[PDB]
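Just coords.pdb here, PDB, N, CA and C atoms:
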```pdb
ATOM      1  N   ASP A   1      16.553  -1.436  -8.695  1.00  0.00           N
ATOM      2  CA  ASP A   1      15.588  -2.365  -8.037  1.00  0.00           C
ATOM      3  C   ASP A   1      14.213  -1.718  -7.902  1.00  0.00           C
ATOM      4  N   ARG A   2      14.182  -0.527  -7.312  1.00  0.00           N
ATOM      5  CA  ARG A   2      12.939   0.214  -7.128  1.00  0.00           C
ATOM      6  C   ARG A   2      13.228   1.715  -7.167  1.00  0.00           C
ATOM      7  N   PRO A   3      12.457   2.486  -7.948  1.00  0.00           N
ATOM      8  CA  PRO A   3      12.720   3.931  -7.967  1.00  0.00           C
ATOM      9  C   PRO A   3      12.157   4.488  -6.653  1.00  0.00           C
ATOM     10  N   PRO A   4      12.346   5.792  -6.380  1.00  0.00           N
ATOM     11  CA  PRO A   4      11.824   6.375  -5.134  1.00  0.00           C
ATOM     12  C   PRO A   4      10.306   6.187  -5.031  1.00  0.00           C
ATOM     13  N   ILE A   5       9.811   5.886  -3.832  1.00  0.00           N
ATOM     14  CA  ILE A   5       8.375   5.678  -3.649  1.00  0.00           C
ATOM     15  C   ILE A   5       7.566   6.881  -4.126  1.00  0.00           C
ATOM     16  N   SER A   6       8.066   8.086  -3.875  1.00  0.00           N
ATOM     17  CA  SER A   6       7.357   9.287  -4.292  1.00  0.00           C
ATOM     18  C   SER A   6       7.099   9.337  -5.803  1.00  0.00           C
ATOM     19  N   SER A   7       7.849   8.551  -6.575  1.00  0.00           N
ATOM     20  CA  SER A   7       7.686   8.514  -8.030  1.00  0.00           C
ATOM     21  C   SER A   7       6.747   7.407  -8.527  1.00  0.00           C
ATOM     22  N   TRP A   8       6.305   6.532  -7.627  1.00  0.00           N
ATOM     23  CA  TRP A   8       5.430   5.421  -8.018  1.00  0.00           C
ATOM     24  C   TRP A   8       4.039   5.841  -8.486  1.00  0.00           C
ATOM     25  N   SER A   9       3.571   5.219  -9.563  1.00  0.00           N
ATOM     26  CA  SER A   9       2.240   5.498 -10.091  1.00  0.00           C
ATOM     27  C   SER A   9       1.229   4.615  -9.353  1.00  0.00           C
ATOM     28  N   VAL A  10      -0.055   4.784  -9.663  1.00  0.00           N
ATOM     29  CA  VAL A  10      -1.084   3.951  -9.042  1.00  0.00           C
ATOM     30  C   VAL A  10      -0.823   2.496  -9.451  1.00  0.00           C
ATOM     31  N   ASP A  11      -0.483   2.275 -10.721  1.00  0.00           N
ATOM     32  CA  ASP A  11      -0.201   0.915 -11.190  1.00  0.00           C
ATOM     33  C   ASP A  11       1.012   0.317 -10.473  1.00  0.00           C
ATOM     34  N   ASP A  12       2.034   1.136 -10.229  1.00  0.00           N
ATOM     35  CA  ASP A  12       3.235   0.670  -9.530  1.00  0.00           C
ATOM     36  C   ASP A  12       2.868   0.209  -8.113  1.00  0.00           C
ATOM     37  N   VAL A  13       2.051   1.000  -7.423  1.00  0.00           N
ATOM     38  CA  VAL A  13       1.627   0.648  -6.069  1.00  0.00           C
ATOM     39  C   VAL A  13       0.818  -0.655  -6.075  1.00  0.00           C
ATOM     40  N   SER A  14      -0.036  -0.843  -7.080  1.00  0.00           N
ATOM     41  CA  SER A  14      -0.849  -2.060  -7.146  1.00  0.00           C
ATOM     42  C   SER A  14       0.026  -3.309  -7.298  1.00  0.00           C
ATOM     43  N   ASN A  15       1.138  -3.179  -8.011  1.00  0.00           N
ATOM     44  CA  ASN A  15       2.045  -4.309  -8.186  1.00  0.00           C
ATOM     45  C   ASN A  15       2.803  -4.595  -6.885  1.00  0.00           C
ATOM     46  N   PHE A  16       3.121  -3.535  -6.151  1.00  0.00           N
ATOM     47  CA  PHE A  16       3.808  -3.643  -4.864  1.00  0.00           C
ATOM     48  C   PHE A  16       2.912  -4.416  -3.883  1.00  0.00           C
ATOM     49  N   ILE A  17       1.632  -4.054  -3.836  1.00  0.00           N
ATOM     50  CA  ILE A  17       0.674  -4.716  -2.948  1.00  0.00           C
ATOM     51  C   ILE A  17       0.468  -6.181  -3.366  1.00  0.00           C
ATOM     52  N   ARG A  18       0.374  -6.424  -4.671  1.00  0.00           N
ATOM     53  CA  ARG A  18       0.177  -7.775  -5.194  1.00  0.00           C
ATOM     54  C   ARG A  18       1.257  -8.751  -4.733  1.00  0.00           C
ATOM     55  N   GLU A  19       2.484  -8.257  -4.598  1.00  0.00           N
ATOM     56  CA  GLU A  19       3.613  -9.091  -4.201  1.00  0.00           C
ATOM     57  C   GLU A  19       3.880  -9.206  -2.700  1.00  0.00           C
ATOM     58  N   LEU A  20       3.137  -8.462  -1.886  1.00  0.00           N
ATOM     59  CA  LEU A  20       3.302  -8.531  -0.433  1.00  0.00           C
ATOM     60  C   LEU A  20       2.511  -9.718   0.103  1.00  0.00           C
ATOM     61  N   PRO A  21       3.181 -10.632   0.819  1.00  0.00           N
ATOM     62  CA  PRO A  21       2.504 -11.810   1.369  1.00  0.00           C
ATOM     63  C   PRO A  21       1.209 -11.529   2.130  1.00  0.00           C
ATOM     64  N   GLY A  22       0.126 -12.157   1.680  1.00  0.00           N
ATOM     65  CA  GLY A  22      -1.167 -11.994   2.322  1.00  0.00           C
ATOM     66  C   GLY A  22      -1.953 -10.730   2.016  1.00  0.00           C
ATOM     67  N   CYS A  23      -1.493  -9.934   1.054  1.00  0.00           N
ATOM     68  CA  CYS A  23      -2.183  -8.686   0.728  1.00  0.00           C
ATOM     69  C   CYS A  23      -2.820  -8.655  -0.663  1.00  0.00           C
ATOM     70  N   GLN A  24      -2.699  -9.746  -1.413  1.00  0.00           N
ATOM     71  CA  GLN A  24      -3.239  -9.782  -2.770  1.00  0.00           C
ATOM     72  C   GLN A  24      -4.733  -9.487  -2.920  1.00  0.00           C
ATOM     73  N   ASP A  25      -5.526  -9.740  -1.884  1.00  0.00           N
ATOM     74  CA  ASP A  25      -6.963  -9.484  -1.966  1.00  0.00           C
ATOM     75  C   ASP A  25      -7.316  -7.998  -1.946  1.00  0.00           C
ATOM     76  N   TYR A  26      -6.328  -7.146  -1.697  1.00  0.00           N
ATOM     77  CA  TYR A  26      -6.573  -5.706  -1.622  1.00  0.00           C
ATOM     78  C   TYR A  26      -6.079  -4.896  -2.827  1.00  0.00           C
ATOM     79  N   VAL A  27      -5.560  -5.578  -3.842  1.00  0.00           N
ATOM     80  CA  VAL A  27      -5.060  -4.890  -5.029  1.00  0.00           C
ATOM     81  C   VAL A  27      -6.120  -3.994  -5.681  1.00  0.00           C
ATOM     82  N   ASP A  28      -7.329  -4.512  -5.874  1.00  0.00           N
ATOM     83  CA  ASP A  28      -8.371  -3.700  -6.500  1.00  0.00           C
ATOM     84  C   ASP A  28      -8.762  -2.474  -5.679  1.00  0.00           C
ATOM     85  N   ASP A  29      -8.696  -2.584  -4.355  1.00  0.00           N
ATOM     86  CA  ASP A  29      -9.036  -1.460  -3.486  1.00  0.00           C
ATOM     87  C   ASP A  29      -8.032  -0.321  -3.659  1.00  0.00           C
ATOM     88  N   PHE A  30      -6.748  -0.658  -3.754  1.00  0.00           N
ATOM     89  CA  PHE A  30      -5.728   0.372  -3.940  1.00  0.00           C
ATOM     90  C   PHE A  30      -5.914   1.077  -5.283  1.00  0.00           C
ATOM     91  N   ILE A  31      -6.259   0.314  -6.317  1.00  0.00           N
ATOM     92  CA  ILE A  31      -6.468   0.902  -7.635  1.00  0.00           C
ATOM     93  C   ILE A  31      -7.704   1.802  -7.612  1.00  0.00           C
ATOM     94  N   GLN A  32      -8.786   1.307  -7.017  1.00  0.00           N
ATOM     95  CA  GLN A  32     -10.034   2.068  -6.936  1.00  0.00           C
ATOM     96  C   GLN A  32      -9.884   3.378  -6.161  1.00  0.00           C
ATOM     97  N   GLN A  33      -9.061   3.375  -5.116  1.00  0.00           N
ATOM     98  CA  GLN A  33      -8.859   4.581  -4.321  1.00  0.00           C
ATOM     99  C   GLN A  33      -7.735   5.460  -4.874  1.00  0.00           C
ATOM    100  N   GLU A  34      -7.193   5.060  -6.021  1.00  0.00           N
ATOM    101  CA  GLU A  34      -6.121   5.783  -6.710  1.00  0.00           C
ATOM    102  C   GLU A  34      -4.939   6.123  -5.805  1.00  0.00           C
ATOM    103  N   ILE A  35      -4.430   5.102  -5.126  1.00  0.00           N
ATOM    104  CA  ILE A  35      -3.293   5.273  -4.234  1.00  0.00           C
ATOM    105  C   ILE A  35      -1.987   5.195  -5.032  1.00  0.00           C
ATOM    106  N   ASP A  36      -1.309   6.329  -5.205  1.00  0.00           N
ATOM    107  CA  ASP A  36      -0.018   6.333  -5.890  1.00  0.00           C
ATOM    108  C   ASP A  36       1.049   6.414  -4.798  1.00  0.00           C
ATOM    109  N   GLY A  37       2.318   6.535  -5.186  1.00  0.00           N
ATOM    110  CA  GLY A  37       3.395   6.585  -4.205  1.00  0.00           C
ATOM    111  C   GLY A  37       3.297   7.672  -3.149  1.00  0.00           C
ATOM    112  N   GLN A  38       2.951   8.883  -3.568  1.00  0.00           N
ATOM    113  CA  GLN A  38       2.823   9.988  -2.622  1.00  0.00           C
ATOM    114  C   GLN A  38       1.757   9.687  -1.571  1.00  0.00           C
ATOM    115  N   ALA A  39       0.655   9.074  -1.993  1.00  0.00           N
ATOM    116  CA  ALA A  39      -0.418   8.725  -1.066  1.00  0.00           C
ATOM    117  C   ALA A  39       0.012   7.576  -0.154  1.00  0.00           C
ATOM    118  N   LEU A  40       0.731   6.610  -0.721  1.00  0.00           N
ATOM    119  CA  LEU A  40       1.202   5.452   0.040  1.00  0.00           C
ATOM    120  C   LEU A  40       2.072   5.873   1.227  1.00  0.00           C
ATOM    121  N   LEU A  41       2.893   6.895   1.020  1.00  0.00           N
ATOM    122  CA  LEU A  41       3.770   7.386   2.074  1.00  0.00           C
ATOM    123  C   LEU A  41       2.983   7.971   3.249  1.00  0.00           C
ATOM    124  N   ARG A  42       1.751   8.399   2.985  1.00  0.00           N
ATOM    125  CA  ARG A  42       0.898   8.994   4.014  1.00  0.00           C
ATOM    126  C   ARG A  42      -0.057   8.020   4.697  1.00  0.00           C
ATOM    127  N   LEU A  43      -0.228   6.833   4.122  1.00  0.00           N
ATOM    128  CA  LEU A  43      -1.133   5.838   4.687  1.00  0.00           C
ATOM    129  C   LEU A  43      -0.730   5.322   6.063  1.00  0.00           C
ATOM    130  N   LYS A  44      -1.636   5.467   7.022  1.00  0.00           N
ATOM    131  CA  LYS A  44      -1.395   4.999   8.379  1.00  0.00           C
ATOM    132  C   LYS A  44      -2.299   3.800   8.624  1.00  0.00           C
ATOM    133  N   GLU A  45      -2.012   3.051   9.681  1.00  0.00           N
ATOM    134  CA  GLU A  45      -2.813   1.885  10.026  1.00  0.00           C
ATOM    135  C   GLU A  45      -4.303   2.243  10.130  1.00  0.00           C
ATOM    136  N   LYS A  46      -4.608   3.408  10.702  1.00  0.00           N
ATOM    137  CA  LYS A  46      -5.999   3.848  10.861  1.00  0.00           C
ATOM    138  C   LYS A  46      -6.749   3.969   9.532  1.00  0.00           C
ATOM    139  N   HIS A  47      -6.074   4.498   8.514  1.00  0.00           N
ATOM    140  CA  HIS A  47      -6.672   4.675   7.196  1.00  0.00           C
ATOM    141  C   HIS A  47      -6.941   3.335   6.521  1.00  0.00           C
ATOM    142  N   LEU A  48      -5.996   2.413   6.664  1.00  0.00           N
ATOM    143  CA  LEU A  48      -6.110   1.085   6.073  1.00  0.00           C
ATOM    144  C   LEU A  48      -7.252   0.292   6.700  1.00  0.00           C
ATOM    145  N   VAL A  49      -7.249   0.215   8.027  1.00  0.00           N
ATOM    146  CA  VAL A  49      -8.271  -0.528   8.754  1.00  0.00           C
ATOM    147  C   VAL A  49      -9.634   0.161   8.735  1.00  0.00           C
ATOM    148  N   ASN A  50      -9.677   1.418   9.163  1.00  0.00           N
ATOM    149  CA  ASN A  50     -10.937   2.154   9.206  1.00  0.00           C
ATOM    150  C   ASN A  50     -11.453   2.602   7.842  1.00  0.00           C
ATOM    151  N   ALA A  51     -10.668   3.412   7.142  1.00  0.00           N
ATOM    152  CA  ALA A  51     -11.073   3.921   5.837  1.00  0.00           C
ATOM    153  C   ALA A  51     -11.179   2.865   4.738  1.00  0.00           C
ATOM    154  N   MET A  52     -10.246   1.918   4.708  1.00  0.00           N
ATOM    155  CA  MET A  52     -10.267   0.888   3.673  1.00  0.00           C
ATOM    156  C   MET A  52     -10.840  -0.474   4.096  1.00  0.00           C
ATOM    157  N   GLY A  53     -11.224  -0.605   5.364  1.00  0.00           N
ATOM    158  CA  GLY A  53     -11.809  -1.850   5.853  1.00  0.00           C
ATOM    159  C   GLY A  53     -10.921  -3.082   5.800  1.00  0.00           C
ATOM    160  N   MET A  54      -9.616  -2.860   5.841  1.00  0.00           N
ATOM    161  CA  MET A  54      -8.632  -3.935   5.781  1.00  0.00           C
ATOM    162  C   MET A  54      -8.437  -4.630   7.132  1.00  0.00           C
ATOM    163  N   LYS A  55      -8.053  -5.906   7.095  1.00  0.00           N
ATOM    164  CA  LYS A  55      -7.787  -6.651   8.323  1.00  0.00           C
ATOM    165  C   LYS A  55      -6.479  -6.096   8.891  1.00  0.00           C
ATOM    166  N   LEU A  56      -6.323  -6.173  10.207  1.00  0.00           N
ATOM    167  CA  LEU A  56      -5.145  -5.621  10.867  1.00  0.00           C
ATOM    168  C   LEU A  56      -3.785  -6.180  10.443  1.00  0.00           C
ATOM    169  N   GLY A  57      -3.709  -7.487  10.210  1.00  0.00           N
ATOM    170  CA  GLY A  57      -2.453  -8.110   9.817  1.00  0.00           C
ATOM    171  C   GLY A  57      -1.897  -7.509   8.538  1.00  0.00           C
ATOM    172  N   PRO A  58      -2.674  -7.548   7.450  1.00  0.00           N
ATOM    173  CA  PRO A  58      -2.218  -6.986   6.177  1.00  0.00           C
ATOM    174  C   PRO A  58      -1.881  -5.501   6.311  1.00  0.00           C
ATOM    175  N   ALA A  59      -2.704  -4.763   7.054  1.00  0.00           N
ATOM    176  CA  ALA A  59      -2.475  -3.334   7.243  1.00  0.00           C
ATOM    177  C   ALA A  59      -1.120  -3.065   7.900  1.00  0.00           C
ATOM    178  N   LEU A  60      -0.788  -3.839   8.930  1.00  0.00           N
ATOM    179  CA  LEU A  60       0.490  -3.659   9.621  1.00  0.00           C
ATOM    180  C   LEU A  60       1.683  -3.965   8.722  1.00  0.00           C
ATOM    181  N   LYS A  61       1.558  -5.011   7.913  1.00  0.00           N
ATOM    182  CA  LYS A  61       2.629  -5.410   7.010  1.00  0.00           C
ATOM    183  C   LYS A  61       2.904  -4.352   5.942  1.00  0.00           C
ATOM    184  N   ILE A  62       1.855  -3.708   5.439  1.00  0.00           N
ATOM    185  CA  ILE A  62       2.036  -2.671   4.424  1.00  0.00           C
ATOM    186  C   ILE A  62       2.762  -1.460   5.011  1.00  0.00           C
ATOM    187  N   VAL A  63       2.287  -0.975   6.152  1.00  0.00           N
ATOM    188  CA  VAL A  63       2.916   0.179   6.787  1.00  0.00           C
ATOM    189  C   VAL A  63       4.387  -0.096   7.100  1.00  0.00           C
ATOM    190  N   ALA A  64       4.668  -1.293   7.607  1.00  0.00           N
ATOM    191  CA  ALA A  64       6.032  -1.690   7.962  1.00  0.00           C
ATOM    192  C   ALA A  64       6.972  -1.785   6.762  1.00  0.00           C
ATOM    193  N   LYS A  65       6.483  -2.346   5.659  1.00  0.00           N
ATOM    194  CA  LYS A  65       7.309  -2.481   4.464  1.00  0.00           C
ATOM    195  C   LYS A  65       7.669  -1.106   3.912  1.00  0.00           C
ATOM    196  N   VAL A  66       6.692  -0.205   3.874  1.00  0.00           N
ATOM    197  CA  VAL A  66       6.928   1.147   3.379  1.00  0.00           C
ATOM    198  C   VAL A  66       7.959   1.852   4.262  1.00  0.00           C
ATOM    199  N   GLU A  67       7.849   1.663   5.574  1.00  0.00           N
ATOM    200  CA  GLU A  67       8.786   2.280   6.514  1.00  0.00           C
ATOM    201  C   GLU A  67      10.207   1.776   6.284  1.00  0.00           C
ATOM    202  N   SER A  68      10.348   0.474   6.052  1.00  0.00           N
ATOM    203  CA  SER A  68      11.662  -0.124   5.836  1.00  0.00           C
ATOM    204  C   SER A  68      12.324   0.367   4.553  1.00  0.00           C
ATOM    205  N   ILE A  69      11.528   0.544   3.504  1.00  0.00           N
ATOM    206  CA  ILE A  69      12.044   1.014   2.223  1.00  0.00           C
ATOM    207  C   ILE A  69      12.421   2.488   2.326  1.00  0.00           C
ATOM    208  N   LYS A  70      11.497   3.288   2.844  1.00  0.00           N
ATOM    209  CA  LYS A  70      11.718   4.719   3.005  1.00  0.00           C
ATOM    210  C   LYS A  70      12.958   4.984   3.855  1.00  0.00           C
TER     211      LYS A  70
END
```
Could you rewrite the structure in this file as structure tokens?
Amino acid sequence: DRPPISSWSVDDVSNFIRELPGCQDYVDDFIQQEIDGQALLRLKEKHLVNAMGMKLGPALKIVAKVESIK
């Protein structure tokens, strides 16, 4: 279904974000910031909202999904 998150490429992460409800508008940002699986595991709400300028709802959903998978 999904290989380990630590093995995900930047392209893999972009597809993951594309399929998360309400997060499709941020796909280009993840690609531009070169967020691969190892980086995704380290992303906190503060980085998403403050560093990436994301709205709180989408930011919370991303962190939560990663936590559930991990």
Fill in the blank from the handout: In Å and to one decimal, atom N of residue 51 (chain A) is distant from CA of residue 4 (chain A) by 25.8 Å
Problem - Length of the atom C of residue 58 (chain A) to atom N of residue 1 (chain A) vector [Å] - result: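 Going from atom C of residue 58 (chain A) over to atom N of residue 1 (chain A) covers 24.1 Å.
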Exercise for the section: Go through A:67, A:34, A:11, A:29 and flag the residue nearest residue 52 (chain A), using only C-alpha atoms for the distances. Expected result: A:29
Practice task
Between CA of residue 2 (chain A) and CA of residue 25 (chain A), measure the distance and give it in Å to one decimal.
Solution key: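 Taking CA of residue 2 (chain A) as the start and CA of residue 25 (chain A) as the end point, the length is 22.7 Å.
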Practice task
Determine, counting only C-alpha atoms, which protein, DNA and RNA residues have an atom within 7 Å of an atom of region 39-46 of chain A; residues of the same chain fewer than 2 positions away are not included. Present the result as a list in words.
Solution key: residues 35, 36, 37, 48, 49, 50, 59, 60 and 63 of chain A
Completion exercise
Shortest contact to residue 17 (chain A), candidates A:61, A:3, A:55, A:47, atoms counted only C-alpha atoms, goes to A:61
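Of the listed residues (A:64, A:6, A:12, A:56), A:12 comes nearest to residue 31 (chain A); the distances count only C-alpha atoms.
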Handout entry: Of the listed residues A:30, A:38, A:68, A:5, that which approaches residue 18 (chain A) most closely, counting only C-alpha atoms
Key = A:30
Practice task
Quick one: everything within 8 Å of residue 27 (chain A), counting only N, CA and C atoms, minus sequence neighbours fewer than 5 positions away in the same chain. Send it as a list in words.
Solution key: residues 13, 14, 15, 17, 18, 32 and 33 of chain A
N, CA and C atoms of the current selection, written as a compact mmCIF listing (two decimals), in the coordinates of the input:
```txt
# COMPACT_ATOMS: atom_id res chain seq x y z
N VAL A 13 2.05 1.00 -7.42
CA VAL A 13 1.63 0.65 -6.07
C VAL A 13 0.82 -0.66 -6.08
N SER A 14 -0.04 -0.84 -7.08
CA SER A 14 -0.85 -2.06 -7.15
C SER A 14 0.03 -3.31 -7.30
N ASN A 15 1.14 -3.18 -8.01
CA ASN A 15 2.04 -4.31 -8.19
C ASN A 15 2.80 -4.60 -6.88
N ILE A 17 1.63 -4.05 -3.84
CA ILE A 17 0.67 -4.72 -2.95
C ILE A 17 0.47 -6.18 -3.37
N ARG A 18 0.37 -6.42 -4.67
CA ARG A 18 0.18 -7.78 -5.19
C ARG A 18 1.26 -8.75 -4.73
N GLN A 32 -8.79 1.31 -7.02
CA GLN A 32 -10.03 2.07 -6.94
C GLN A 32 -9.88 3.38 -6.16
N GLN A 33 -9.06 3.38 -5.12
CA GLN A 33 -8.86 4.58 -4.32
C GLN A 33 -7.74 5.46 -4.87
```
Exercise for the section: If you run DSSP over the backbone, which residues in chain A end up helix (DSSP H, G or I)? Put them as a count of residues only. Expected result: 48
